[PDB]
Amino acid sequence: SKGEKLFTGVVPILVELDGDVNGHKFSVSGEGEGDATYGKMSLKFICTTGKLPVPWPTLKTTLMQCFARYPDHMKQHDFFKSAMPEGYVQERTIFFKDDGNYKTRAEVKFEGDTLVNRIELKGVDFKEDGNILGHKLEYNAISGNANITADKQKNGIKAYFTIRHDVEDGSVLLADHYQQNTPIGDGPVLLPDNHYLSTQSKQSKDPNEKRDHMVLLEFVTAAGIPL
């Protein structure tokens, strides 16, 4: 594969999410730019249906690991770019401790020069008086590691990690992520040695934006193999 050559410059990003959580339906759209040379994504997401019925932080991991910076010595472990431009399917289950779960399915692919992330999200067994449907989570930055492993049987990768969401009562809401990625195309892909993606995030608002929205500046770096 020569998928990595598609990311050497600034790439426009389009995101589309259709969600249903305990029957509360919503849509999100997002745009921005990825600059994988520096591991960077600059993004803005809008709830297109009015008020988001779950907190923005709970959707962040769902709303493009193809934009990670793999250091030169780790290039042979970058499944995400190797699958381009045909793309990959990303599936997760996210278990919120003592609350419901999200089941997600996404297709991440190029549509001409645009990297498009099209997502379906289904959430069930949430508590209406809980920290999620009750909107009791802090609007702050999520940072941390995604652990990546080869899935030889599916010619893809699996990932796992736990996000710690701050609750406005000073407690923490744990969100256990289980991830599977499979190439959409039939061509060759890179199957990695074990490693992780480290994300640094800055979360903000646009003071001119009336719509329910999220602004992110993300930097994502591959790590866990020396040299």
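The numbering used is simple: start at 1 and walk along the sequence shown.
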query = Per the record, how many residues of the deposited chain fall between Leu63 and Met64 without being modelled: none, 1 to 3, 4 to 9, or 10 or more?
reply = 1 to 3
175 to 183 versus 160 to 168 - greater average Cα B-factor per the deposited record = 160 to 168
remark   = With B-factors read from the PDB entry, the higher C-alpha mean of 142 to 150 and 124 to 132 is in 124 to 132
ask   = Going by the deposited entry, which of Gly34, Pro55, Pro188, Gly30 has the highest CA temperature factor?
value = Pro188
query = Taking the C-alpha B-factors as the PDB entry records them, is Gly23 in the lowest, middle or highest third of its chain?
reply = highest
key: CA B-factor ranking of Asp72, expressed as a third of its chain   = middle
task = For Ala223, return the chain-relative third of its C-alpha B-factor as stated in the PDB record: lowest, middle or highest.
result = middle
message = Test of reading the entry: by CA B factor among the chain's modelled residues, which third contains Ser42?
response = lowest
ask   = Ranked by Cα temperature factor within the chain, is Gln90 in the lowest third, the middle third or the highest third?
value = lowest
